[PDB]
Amino acid sequence: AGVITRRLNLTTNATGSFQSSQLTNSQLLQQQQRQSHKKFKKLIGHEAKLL
DNA sequence: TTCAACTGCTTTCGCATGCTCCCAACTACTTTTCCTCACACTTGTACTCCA
């Protein structure tokens, strides 16, 4: 389909004009929810004296 | 004059597409905190050879 010109990060989602892919409006709460799902990383200090 | 010219534009369909990793698999040495007791000196109480 012709020739590839460029590529930038916006996304049409509002049946016409676009409302998506605006950068780091959610990244502040992205990398503070990634490392709570898995558990028990064993970076343990006074803990395990107990366990 | 005589001649090319190369640029411009148009149908026909259309064929229609062109600094080097990032992560697996091997492996290895090192990382991290724990664990159970040897060495040696010293101190005691004794009985020896002390005049």
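Reading the values: the criteria
- Residues numbered from 1 in each chain as written, not as in the entry; some residues may be left out.
- Chains lettered and ligands numbered in written order.
- Part of a larger assembly, values for the part shown.
- Heavy atoms only, no water.
- Helix = DSSP H or I, 4+ residues; strand = E, 2+ residues; numbered from the N terminus.
- Rg over C-alpha atoms; globule rule 2.2 N^0.38 Å.
- Buried < 20%, exposed > 50% of the residue type's maximum accessible area, 1.4 Å probe, protein only.
- Areas by Shrake-Rupley, 256 points an atom, 1.4 Å probe, with all protein chains shown as cover.

## Observations concerning the overall build of chain A
Stage number 1. Of the regular secondary structure elements, chain A holds 0 helices and 0 strands.
Stage number 2. Relative to the 2.2 N^0.38 estimate, which gives 10 Å for 51 residues, the radius of gyration of chain A is 21 Å and therefore markedly larger than a compact globule would have.
Stage number 3. Overall, the C-alpha framework of chain A stretches about 65 × 25 × 15 Å when taken along its three principal axes.
Stage number 4. Per-residue burial over chain A gives 0% buried out of 51 residues.
Stage number 5. For chain A, the exposed surface amounts to about 5,800 Å²; the carbon and sulfur share of it is 54%.

## Some thoughts on unusual backbone geometry
Stage number 1. Unusually for a residue other than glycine, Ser21 sits at a positive phi of about 60 degrees.
Stage number 2. Judged by relative accessible area, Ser21 falls into the partly exposed class, the value being 28%.
Stage number 3. One non-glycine residue with positive phi stands out, namely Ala48, at about 90 degrees.
Stage number 4. Under the relative-accessibility criterion, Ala48 is labelled partly exposed at 39%.

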